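Residue numbers (the deposited numbering), protein chains in the order written: chain E, 147 to 195; chain D, 6 to 338; chain C, 6 to 48, 77 to 231, 244 to 338. From the three backbone atoms N, C-alpha and C, an ideal C-beta is built for every residue, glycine too. Report on the following structure.
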Amino acid sequence: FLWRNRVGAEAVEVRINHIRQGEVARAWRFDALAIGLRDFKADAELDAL
Amino acid sequence: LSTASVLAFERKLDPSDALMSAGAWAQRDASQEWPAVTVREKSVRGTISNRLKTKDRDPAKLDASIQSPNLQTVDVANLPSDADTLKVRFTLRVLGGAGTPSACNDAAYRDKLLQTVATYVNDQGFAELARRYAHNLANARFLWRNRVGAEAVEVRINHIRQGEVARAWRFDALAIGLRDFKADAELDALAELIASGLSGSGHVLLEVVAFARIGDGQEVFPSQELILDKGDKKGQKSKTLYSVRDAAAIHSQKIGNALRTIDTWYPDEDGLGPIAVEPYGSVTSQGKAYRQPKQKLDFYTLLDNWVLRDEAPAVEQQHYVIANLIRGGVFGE
Amino acid sequence: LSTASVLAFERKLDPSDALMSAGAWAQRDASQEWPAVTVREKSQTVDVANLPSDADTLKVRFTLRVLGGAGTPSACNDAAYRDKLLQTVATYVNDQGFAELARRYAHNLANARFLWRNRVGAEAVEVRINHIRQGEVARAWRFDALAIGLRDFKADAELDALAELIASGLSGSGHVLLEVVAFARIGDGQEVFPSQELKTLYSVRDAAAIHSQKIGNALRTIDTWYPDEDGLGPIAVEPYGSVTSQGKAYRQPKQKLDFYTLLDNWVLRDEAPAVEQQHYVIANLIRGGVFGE
RNA sequence: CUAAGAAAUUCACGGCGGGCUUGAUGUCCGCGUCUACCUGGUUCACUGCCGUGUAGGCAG
């Protein structure tokens with residue numbers, strides 16, 4: 147979703163928060179540059195999402 | 006095979022706005038706290054010193070009005086008293102990915118343009134182009150007038166991988182000229198970094214610190230604007246100076262201009278040195294566009310000779326076309 | 006071949022702001038650490082300031098900037114106008130040295146031409162001027178404004194070295210950096226006259254200064270070939286030169302000695318205006334402006 | 001001397017009731033504005049000065 151804004155960046159981190167009340171019920175973090183822009187490979191904290 | 010009617014090219018070598026500060030030499034072990042310079046808008050009278058017209062000339066309105074002086078508002082920024090050196094600081098991103106367009110219409114033309122620029126890269130890479138960009142980053146060409154008549158300039162280029170510096174440089178650059186492109190091994194070490202950047206082989210983030218001694222309390226040269234067309238009143242605004250938040254500043258396009266002075270393969274003034282890379286290569290302050298379409302030399306003829314009909318031009322016109330493809334712009338129809 | 010729709014020349018000998026400041030005598034060799042002048046307003078609501086009772090002194094602070102190679106211009110539309118101007122500027126350069134400009138610059142450096150209204154009732158004038166390469170000085174002077182009278186150009190022994198230095202300067206034979214500063218004798222409790230804008246005396250903060258253009262005017266009183274009467278003295282160099290103080294505008298355009306026709310003749314078709322005009326022509330090229338169509 | 005010459009149209013009124021507009025989306029791309037300077041306008045045709053009456057030493 148960062149279209150041109152991610153191009154040529156040192157570090158890109160994504161934080162995803164599930165909101166089920168006023169409060170947040172769950173909290174993910176990702177290394178967006180480590181996760182591939184091309185391949186849909188799988189791991190544990192991502193299929194937890 | 007035909008050119009697509011909508012082309013577009015994302016630029017590479019992205020500069021930012023530069024920010025001026027001020028201070029003395031040899032406090033540059035601890036020069037991370039110098040105060041900036043201030044754009045000062047005042048009112049200063051002038052003279053009546055322009056050409057009086059020949060249309061409706063009359064000594065009842067020119068010979069009587071000449072002895073009534075002018076009334077203007079000059080906006081000039083100046084250095085402080087103890088300060089004697091401008092620190093001009095900006096950053097630069099050598100992106101890379103410099104052969105694929107952002108927009109297109111015909112993927113056959115894009116399949117031809119990709120293999121054309123790849124056949125360019127795979128015998129001479131981005132080596133010599135990064136040599137001359139490292140030269141323009143070496144000398145203080147991006148100080149368009151603040152270097153003219155300096156005692157010493159010191160150019161520290163820092164390469165950045167994390168919060169702090171990963172690689173340093175120091176360049177003597179009043180010794181380095183503006184026409185003869187001699188080089189050095191550390192100039193080559195900068196050029197290898199920029200060539201790695203343009204080839205899509207890593208990230209380059211050059212924090213560019215450029216000192217230039219002028220003198221105590223001297224005059225500084227930031228950039229200028231265009232004040233018209235959206236509220237053009239009777240004209241009580243002469244000339245102001247560009248600024249990020251309460252400090253004077255050069256625009257990004259003028260530094261980009263001064264960094265892409267690469268062109269030396271035009272037949273007008275060959276020994277008289279380089280100019281900026283532009284399609285229909287023109288110094289507009291000179292007033293005369295080199296590289297006419299009357300000849301065979303401009304970018305819009307080289308590009309579609311080399312892409313469509315495979316007529317690969319000379320081994321410097323390749324350099325010029327690729328300097329245009331790093332420049333960007335709306336091509337096509 | 007015709008005129009030039011845009012022209013832009015770059016300035017030479019630009020000063021900084023001449024801040025005023027005070028002190029005393031026999032501490033003038035310890036003037037790195039010295040006090041300043043004050044700004045106050047009295048009863077309309079206007080400004081007027083004053084020296085203290087301990088001080089006859091007043092002090093000046095500015096420094097200079099030559100560039101070199103002033104014939105070659107920086108904005109035009111005609112390439113042929115450059116190709117017709119290069120022969121003229123090189124013809125004026127190569128056949129004679131620039132010291133005739135340089136004496137008439139450097140004596141205004143040496144005299145009190147920049148101390149305009151700082152000797153309206155003074156007694157002893159002493160000026161000290163530095164040639165700064167680096168963090169110290171290496172060619173020091175200390176000049177006098179009593180000796181050379183403020184309307185003639187008669188040279189002395191100090192003047193030739195500074196003249197050949199500045200003529201190396203503006204011709205491109207080496208960048209010079211002067212610092213021209215002065216020490217005054219005003220009066221124990223005397224009213225000051227700084228600059229203004231377009244009443245409020247022009248107040249730099251916690252001091253008092255006069256702008257750049259007054260000294261960039263004062264150091265180029267080179268017009269003494271103006272037509273009518275040459276016994277009066279030097280006034281400065283202006284295309285369409287009008288002066289408020291002497292009232293009458295020298296060098297009128299309805300007769301042929303204004304800048305906009307001698308430039309046309311001297312530059313383009315290679316016919317020469319007079320050798321009693323040349324240093325005024327090149328002083329106009331030193332000043333700069335928008336010289337269009 | 002006019003298809004000339006002449007003329008009172010009067011009066012009265014219930015339009016009324018009902019309602020789901022739905023759903024989808026990449027505006028991308030590029031740029032040197034350039035040079036130049038002398039307000040003591042008189043920030044009141046005079047402020048404030050021995051007699052409120054027309055002659056005067058003052059910060060001029």
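Cross-strand partners of residue i (DSSP beta bridge)
i, result
"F14 of chain C", "DSSP output for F14 of chain C lists no bridge partner at all."
"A217 of chain D", "D:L91, D:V158"
"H164 of chain E", "E:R172"
"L246 of chain C", "C:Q229"
"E212 of chain C", "C:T96, C:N163"
"residue 2 of chain C", "In this structure chain C extends from 6 to 338, so residue 2 of chain C is not present and cannot be described."
"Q77 of chain D", "D:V49"
"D177 of chain E", "E:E159"
"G337 of chain D", "D:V11"
"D273 of chain C", "For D273 of chain C, which the question treats as bridged, DSSP gives no partner whatsoever."
"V288 of chain D", "D:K293"
"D315 of chain C", "Looking at the DSSP assignment, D315 of chain C forms no beta bridge with any residue, so it has no partner."
Limits of the unbroken alpha helix (DSSP H) element including residue i
i, result
"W30 of chain D", "Premise fails: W30 of chain D is in no alpha helix (DSSP H) and is neither H nor E."
"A41 of chain C", "Neither: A41 of chain C is in no alpha helix (DSSP H) and is coded neither H nor E."
"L195 of chain D", "190-203"
"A253 of chain C", "Per DSSP, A253 of chain C belongs to no alpha helix (DSSP H); it is in the beta strand (DSSP E), 253-255."
"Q323 of chain C", "323-332"
"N127 of chain C", "112-127"
"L142 of chain D", "132-143"
Chain D contact residues for residue i, given Cβ-Cβ distances below 7 Å
i, result
"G154 of chain E", "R98, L100, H208"
"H256 of chain C", "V49"
Chain D contact residues for residue i, given Cβ-Cβ distances below 8 Å
i, result
"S290 of chain C", "The premise fails here: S290 of chain C is roughly 11 Å from chain D at the closest Cβ pair, so nothing lies under 8 Å."
"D315 of chain C", "Neighbours of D315 of chain C on chain D: none; closest Cβ ~22 Å, over 8 Å."
Rounded C-alpha distance that separates residue i from residue j
i, j, result
"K187 of chain D", "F176 of chain D", "13 Å"
"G337 of chain D", "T289 of chain D", "24 Å"
"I267 of chain D", "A200 of chain D", "15 Å"
"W174 of chain E", "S26 of chain D", "43 Å"
"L313 of chain D", "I331 of chain D", "20 Å"
"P284 of chain C", "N55 of chain D", "8 Å"
"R265 of chain D", "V326 of chain C", "37 Å"
"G130 of chain C", "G168 of chain D", "57 Å"
"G104 of chain D", "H164 of chain D", "24 Å"
"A145 of chain D", "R94 of chain C", "29 Å"
"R166 of chain E", "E191 of chain E", "19 Å"
"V225 of chain C", "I219 of chain C", "9 Å"
"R172 of chain E", "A194 of chain E", "10 Å"
"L183 of chain D", "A157 of chain D", "15 Å"
"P74 of chain D", "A281 of chain C", "15 Å"
"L97 of chain D", "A252 of chain D", "20 Å"
"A31 of chain D", "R150 of chain E", "41 Å"
"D34 of chain D", "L91 of chain D", "16 Å"
"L246 of chain C", "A82 of chain C", "9 Å"
"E15 of chain D", "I181 of chain E", "25 Å"
"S7 of chain C", "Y114 of chain C", "8 Å"
"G101 of chain C", "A123 of chain C", "14 Å"
"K301 of chain D", "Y271 of chain D", "11 Å"
"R136 of chain D", "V209 of chain C", "33 Å"
"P20 of chain C", "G261 of chain C", "6 Å"
Beta-carbon neighbours of residue i, restricted to chain E and to distances below 9 Å
i, result
"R166 of chain D", "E156"
Chain D contact residues for residue i, given Cβ-Cβ distances below 9 Å
i, result
"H140 of chain C", "Under the 9 Å cutoff, chain D gives no residues; its nearest Cβ is about 23 Å from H140 of chain C."
"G337 of chain C", "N55, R56"
"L118 of chain C", "What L118 of chain C touches in chain D: nothing, since even the nearest Cβ is about 13 Å away."
"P227 of chain C", "Chain D residues near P227 of chain C: none, gap ~14 Å exceeds 9 Å."
"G334 of chain C", "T52, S54, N55"
"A108 of chain C", "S290, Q291, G292"
"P272 of chain C", "Under the 9 Å cutoff, chain D gives no residues; its nearest Cβ is about 16 Å from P272 of chain C."
Inter-residue CB distance, residue i and residue j (contact presumed, cutoff 8 Å)
i, j, result
"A263 of chain C", "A196 of chain C", "Not confirmed; about 18 Å, so no contact."
"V160 of chain E", "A178 of chain E", "5 Å"
"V79 of chain C", "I162 of chain C", "With a Cβ gap of about 35 Å, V79 of chain C and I162 of chain C do not count as contacting."
"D273 of chain C", "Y295 of chain C", "7 Å"
Continuous beta strand (DSSP E) stretch holding residue i: start and end
i, result
"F304 of chain D", "Careful: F304 of chain D lies outside any beta strand (DSSP E), inside the alpha helix (DSSP H) at 304-311."
"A23 of chain C", "23-25"
Contacts of residue i in chain C (Cβ-Cβ under 7 Å)
i, result
"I71 of chain D", "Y285, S287, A294"
Residue i: contacting residues in chain C (beta-carbon distance under 8 Å)
i, result
"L277 of chain D", "Result: empty, since nearest Cβ-Cβ is about 12 Å, beyond 8 Å."
"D221 of chain D", "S21, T96, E212"
Amino acids of chain C, ordered along the chain, whose beta-carbon sits closer than 9 Å to that of residue i
i, result
"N83 of chain D", "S21, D22, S257"
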